[PDB]
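Enquirer: Before I ask anything, here's the sequence and the deposited coordinates:
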Amino acid sequence: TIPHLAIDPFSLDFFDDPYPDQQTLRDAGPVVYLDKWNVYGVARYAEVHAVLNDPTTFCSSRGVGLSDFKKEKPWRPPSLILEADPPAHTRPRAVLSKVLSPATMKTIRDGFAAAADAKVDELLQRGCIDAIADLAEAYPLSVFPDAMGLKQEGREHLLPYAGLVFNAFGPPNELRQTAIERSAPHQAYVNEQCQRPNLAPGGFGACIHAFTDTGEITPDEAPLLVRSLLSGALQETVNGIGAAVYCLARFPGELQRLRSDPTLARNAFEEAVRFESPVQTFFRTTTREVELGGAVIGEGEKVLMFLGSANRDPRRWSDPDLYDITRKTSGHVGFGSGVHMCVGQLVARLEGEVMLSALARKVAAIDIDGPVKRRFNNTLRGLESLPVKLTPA
Ligand code: HEM
Ligand SMILES: O=C(O)c1ccc(CO)cc1
Ligand SMILES: [Cl-]
């Protein structure tokens, strides 16, 4: 009843151009079986949204990667929020929700927006830049580690550790084992900065440690929650911002609309998150026998959700291949959906909005003037290099 496909969604050929294979996954049926890795797969919006909103049946405590924690040892101590289910997930989620709260965005927005404008002005003085290294990477690295309260030393480990984490979500291919092989220095840095004495006061990290006396988290749980913000926060935001610049360069009409109405910046970033889906895939594990899309999935089975394919499903999105900054993006699963929906989505949207606002007000045109290079990751989609020319407005 379930179609069996030999597509490896973790191969270099797939990462190079995933969209033809993603249609094959969607059109094959609501639930497919991937013979290459012995997992179930869902690529349509309806089933992906269903799995995300049923954490009782499709749990995360057995790992959101290919590895089943009930069967294999996790390469690192499990995340207290990402790899946890209710009720254990509830209170650590509430702490991160209050640390990355709306009231916290008001305290950092002016500094984030000013740094976004200062970066664009600096890039306009060079003209020909790398929109990845000099914009997509350079701007979040200039606001987020400071907002975290991290010291200046060792910040070169942040992005390598982020790519290691998302590579480790994948199957035991060469991408994952090479990353884990080179992991020792990045792990040592990240784990050390999670300790309270190493976090500057007022930052996100110190605020997490300050939440240890409410009864929601304990002091021994605080370093792991800080590790969450050092694992998944930078690279996907970089990939999202880098995707927006990419889209604005490939769809010059949308850049012209954004220039005419800079208030579209927040939705221009949200649509970039839907269009690119920096987090392409995540796993869930069935805690019981479940029927989904007419298929009976046994207990203890890994289910692979194609978030990027769910964001391009024509059963849900009109013209899903088109970057539209005025599209009603409400409902996309680029940040997940349900109890695990990205708790740091306000930080990412703020970083993305003020950067696109700075571009909308200062840049007249973005023209690719060099070889575009893609960075391959088991979980993340993003560019390695985006050589662009920036014309001042
Ligand atoms: C474009 C930017 C981002 C994207 C695309 C993204 C993507 C995602 C997705 C899809 C999930 C759901 C995981 C799941 O359902 O298993 C998630 C969860 C999470 N994200 Fe993000 N994220 C982004 C930015 C951030 C930022 C800026 C932070 C922190 C400052 C952050 C921290 C987290 C945490 C802690 C979780 C776990 C939440 C939970 O398990 O309840 N992310 N992210
Ligand atoms: O808890 C974590 O370490 C963690 C890691 C990666 C993600 C993906 O956004 C979310 C949370
Ligand atoms: Cl670690």
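Expert: Here it is on my side, so go on. Numbering: from 1, shown residues only. Ligands and ions are numbered 1, 2, ... in the order given.
Enquirer: does the closest residue to residue 95 other than its chain neighbours count as helix, strand or coil?
Expert: Setting aside the residues directly before and after it, residue 95 is nearest to residue 211 in space (CB to CB, 6 or more residues apart in numbering), at 4.6 Å. All C-beta atoms are positioned from the backbone trio N, CA, C, and that covers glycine. Here residue 211 takes the helix state, with states given by DSSP: H, G, I helix; E, B strand; the rest coil.
Enquirer: Check which residues of stretch 325-342 are buried.
Expert: 325, 327, 329, 332, 333, 334, 335, 336, 337, 339, 340, 342 (16 or more other CB atoms under 10 Å).
Enquirer: one step back: right, and the residue nearest to residue 95 touches residue 98 too?
Expert: Yes. Between residue 211 and residue 98 there is a contact under CB atoms under 8 Å: 6.9 Å.
Enquirer: which one of the two has more residues nearby?
Expert: residue 211 (20 against 17; other CB atoms under 10 Å).
Enquirer: returning to what we had before: determine which two of the buried residues of stretch 325-342 are furthest apart.
Expert: 325 and 339 (29.5 Å; CB to CB).
Enquirer: Any residues of this protein in contact with ligand 2? List them.
Expert: 79, 81, 82, 165, 227, 228, 231, 232, 236, 279 (CB under 6 Å from any ligand atom).
Enquirer: Just to check, residue 346 is in contact with residue 99?
Expert: No. Using CB under 8 Å, residue 346 is not in contact with residue 99, being 10.6 Å away.
Enquirer: Which one of these two is surrounded by more residues?
Expert: Neighbour totals were compared for residue 346 and residue 99, and residue 99 leads with 22 against 15 (other CB under 10 Å).
Enquirer: ok, that one - contacts?
Expert: Counting by CB atoms under 8 Å, 6 or more residues apart in numbering, residue 99 touches 204, 207, 208, 211.
Enquirer: what would those residues look like in a markdown table with secondary structure?
Expert: Output for the contacts of residue 99, formatted as a markdown table (three-state DSSP):
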| residue | secondary structure |
| --- | --- |
| 204 | helix |
| 207 | helix |
| 208 | helix |
| 211 | helix |
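Enquirer: wait, which of those is closest to residue 243?
Expert: Each of these was scored against residue 243 by CB to CB, and residue 204 proved nearest at 24.2 Å.
Enquirer: Quick check: the gap between the residue nearest to that closest one when sequence neighbours are not counted and residue 350.
Expert: Leaving aside its chain neighbours, residue 204 sits nearest to residue 148 (5.0 Å; criterion: CB to CB, 6+ apart). Taking CB to CB, to the nearest Å as the measure, residue 148 falls 14 Å from residue 350.
Enquirer: Then residue 299?
Expert: According to CB to CB, residue 299 stands 41 Å off from residue 350.
Enquirer: in what helix or strand does residue 49 lie?
Expert: Residue 49 is located in helix 45-52, with elements delineated by DSSP states H and E.
Enquirer: Tell me the buried residues in that helix?
Expert: 45, 47, 48, 49, 50, 51, 52.
Enquirer: Equivalent analysis for stretch 350-364, please.
Expert: Buried residues in stretch 350-364, counting neighbours by 16+ other CB under 10 Å, are found at 350-360, 362-363.
Enquirer: One more: stretch 167-180?
Expert: 167, 168, 169, 170, 171, 173, 175, 176, 179, 180.
Enquirer: next one: stretch 121-139
Expert: Across stretch 121-139, burial judged by 16+ other CB under 10 Å covers 123-124, 129-139.
Enquirer: can you put those residues in CSV and add distance to ligand 3 and secondary structure?
Expert: Below are the buried residues of stretch 121-139 laid out as CSV (distance: CB to the ion, whole Å; DSSP: H, G, I helix; E, B strand; the rest coil):
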residue, distance to ligand 3, secondary structure
123, 33, helix
124, 39, helix
129, 33, strand
130, 29, strand
131, 30, helix
132, 25, helix
133, 25, helix
134, 29, helix
135, 28, helix
136, 24, helix
137, 21, helix
138, 25, helix
139, 26, helix
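Enquirer: closest to ligand 1 among these?
Expert: Ranked by distance to ligand 1 (CB to the nearest ligand atom), the buried residues of stretch 121-139 are led by residue 136 at 10.9 Å.
Enquirer: May I ask which helix or strand encompasses the closest residue to that closest one other than its chain neighbours?
Expert: Nearest-residue entry for residue 136: residue 242, 3.3 Å, with adjacent residues in sequence omitted and distances by CB to CB, 6+ apart. According to DSSP H and E, residue 242 maps onto helix 234-250.
Enquirer: touching ligand 1 at all, that helix?
Expert: Yes. Helix 234-250 reaches ligand 1 (CB under 6 Å from any ligand atom) through 236, 237, 240.
Enquirer: now, which of these sits nearest residue 187?
Expert: Among those, and counting by CB to CB, the member closest to residue 187 is residue 236, at 19.4 Å.
Enquirer: What residues does the residue nearest to that closest one when sequence neighbours are not counted make contact with?
Expert: Spatial nearest neighbour of residue 236, excluding adjacent residues (CB to CB, 6+ apart): residue 278 at 4.1 Å. Contact partners of residue 278, counting by CB under 8 Å, 6+ apart, are 235, 236, 237, 239, 240, 243, 334, 380, 381, 382.
Enquirer: The third one - how many residues pack around it?
Expert: Counted with other CB under 10 Å, the neighbours of residue 237 add up to 28.
Enquirer: any idea how far ligand 3 is from it?
Expert: From residue 237 across to ligand 3, the span is 20 Å (CB to the ion, to the nearest Å).
Enquirer: what's the closest non-adjacent residue to that residue?
Expert: Per CB to CB, 6+ apart, closest to residue 237 is residue 348, 4.6 Å.
Enquirer: Check whether the host helix or strand of residue 162 comes near ligand 3.
Expert: Assessed by DSSP H and E, residue 162 sits inside helix 158-168. No. Helix 158-168 stays clear of ligand 3 (CB under 5 Å from the ion), getting no nearer than 7.4 Å.
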